[PDB]
């Protein structure tokens, strides 16, 4: 018999699909949460709510034999309800680093009973990651000092919503050879003109999505304080798909390489 599997969390879903895809003789992926938009086969799974607002009744309506959940999956009441029904829920942490992605690969493969496919994916990943680390170490974007990057997850605002430390953005900026222009706070906050002028970003990074919630590139650089910054003076903007940039899944080597390439282009 085939296990019916639900996956909660975009990076976990990518990992599950990269091990084989929607179907193997051992398991079938039958549901996910709304953050699971990659690959195309994940985007097509029935969804049972946003990862932190799970419906236990919705999740159980798909009759799962196994749930693979990011440690961020919630609320705790819903996860308790699902385990209470005799469903195995196996939880995975989402630390913003490569070793957590590597442990995710082997841990997911082991939960789906596909250890040999996990070893093979991890071998590919390790190969790509060394290449990514080589490429970043070869050259600093801009070829001089490590540039200061401001990441804008959203802009509401009428200010930027921006990433401090202990975020996925901070780690990606650092893996790509740059420095976070925002210092002195953790997680995300709205941005002041006075903090932005202190940040003096050389490049502004923004979600492919969250470039709409400003009006586009030209509108973004018309935000107060942006114009006087080194980024705004040189009009250095880089947009990227949020889940690909920030997801910390099996595309991590490509995500780091890409961010590095974009920052190099921008700082030409």
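Positions refer to the first chain, counted from 1.
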Segment of higher mean CA temperature factor, 114-122 or 191-199 = 191-199
As stated in the PDB record, which stretch has the larger average Cα B-factor, 165-173 or 179-187?
-> 179-187
When the entry's CA B-factors for 90, 145, 130, 106 are compared, the highest one belongs to 145
If you compare 250, 247, 9, 20, which has the highest Cα B-factor in the entry?
-> 20
CA B-factor ranking of residue 39, expressed as a third of its chain = lowest
Could you look up the Cα B-factor of residue 33 in the entry and say which third of the chain it sits in: lowest, middle or highest?
-> lowest
Quick tally, chain-level thirds of C-alpha B-factors: residue 4 sits in the middle
Chain-relative C-alpha B factor for residue 51 (record values, thirds): the lowest
Going by what the PDB entry lists, where does residue 95 fall on CA B-factor within its chain: lowest, middle or highest third?
-> middle
